[PDB]
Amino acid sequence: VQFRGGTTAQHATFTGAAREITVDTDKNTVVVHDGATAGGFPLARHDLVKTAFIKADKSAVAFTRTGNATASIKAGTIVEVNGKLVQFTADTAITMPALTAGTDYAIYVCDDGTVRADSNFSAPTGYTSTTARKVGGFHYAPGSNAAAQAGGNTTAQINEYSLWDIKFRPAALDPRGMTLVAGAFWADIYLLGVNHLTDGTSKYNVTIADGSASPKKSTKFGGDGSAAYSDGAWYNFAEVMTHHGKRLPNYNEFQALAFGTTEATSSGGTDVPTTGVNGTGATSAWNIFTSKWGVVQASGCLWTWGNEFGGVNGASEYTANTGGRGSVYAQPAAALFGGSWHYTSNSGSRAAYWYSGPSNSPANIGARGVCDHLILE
């Protein structure tokens, strides 16, 4: 059976009988008729709804944490994948792989109707990137989020605030290793590592970048992938955050992201070399410093450079201290937040130090990234 049809031009002056259907041969679609409206009512090609992703509540993430190792996709979620509609009319359990402390996972909605997580961010095992659509993810943390203001524990579990989907996520290109702070913005769970080019800025159990162990030079600003910065100046850490679509925190962001840590407490000992791990000679375990949002080593471990200036100024004369990129005049200090291991009761979620100019590079200053919260219709 071949239906009556014609071009779009031929349809423009044609009024079909009520409930008559024709085919527009220019568009390769069906046109429904009502006995009254010239041109009828063309229907949409599936191609024009490719990547559709519809949630019942667009103001919240698409998933719910249901236990330390379990999560569900929410009722009312509709997903286009591989030419098909896949929907969930009730909260539906996500099939989990083996979960390993300090690892990010991607959540996929597949064309067989299943929803599943995997450590692989291209495709889950058993599927391809065609039959399985990445719609979100989460961080399986090495310990709990802070229930109050005494840090968390060392029981590996899903961080509820690290749940993201394609329309509810970090603005930064790579959403991995980040957590949503009070619903307002995203923070890196871990302090910046030396090998951030391959690891991203936020990775568990890696060597922390600071004034002595400088980060690798950004490949967007002349770096070759191997060379590190000559030192850990503010300029270099800011440049690295920019590379990854992030920034250093301001004071309002820092107090928010670090809330839940054990206040007026520092790591002790002589160093904090590694993310998510006890410091060298530490008197407090790493988990003492976990925030409400699951930010790890949120205070009392390393200072983070901030994206704010103020406090004491440098000399009122042109000073070439920017790594060969011009001079500064009356340069104010760049903020440092959080305290570090040797600062005893001065560390905390509002600890702030404004004496150090941006060219300074001591062993107890590193960085933590933040970015905007991206919500989409």
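Each residue number is its position in the shown sequence, starting from 1.
Stretch comparison (220 to 228 versus 233 to 241) by mean CA B-factor in the PDB entry places 220 to 228 on top. When the C-alpha B-factors of 273 to 281 and 122 to 130 are averaged, 122 to 130 comes out higher. The entry assigns its greatest Cα B factor, within the set 189, 158, 213, 256, to 213. Within the selection 60, 52, 43, 312, the deposited Cα B-factor values reach their highest point at 312.
Remark: residue 72 belongs to the middle third of its chain, ranked by C-alpha B-factor as recorded. Per the PDB record, residue ranking by Cα B-factor puts residue 36 in the middle third of the chain. Looking at the C-alpha B-factors along this chain, the one for residue 136 belongs to the lowest third. Among the modelled residues of its chain, residue 84 has a C-alpha B-factor that falls in the highest third according to the deposited record. Annotation for residue 104: C-alpha temperature factor in the lowest third relative to the rest of the modelled chain, per the entry.
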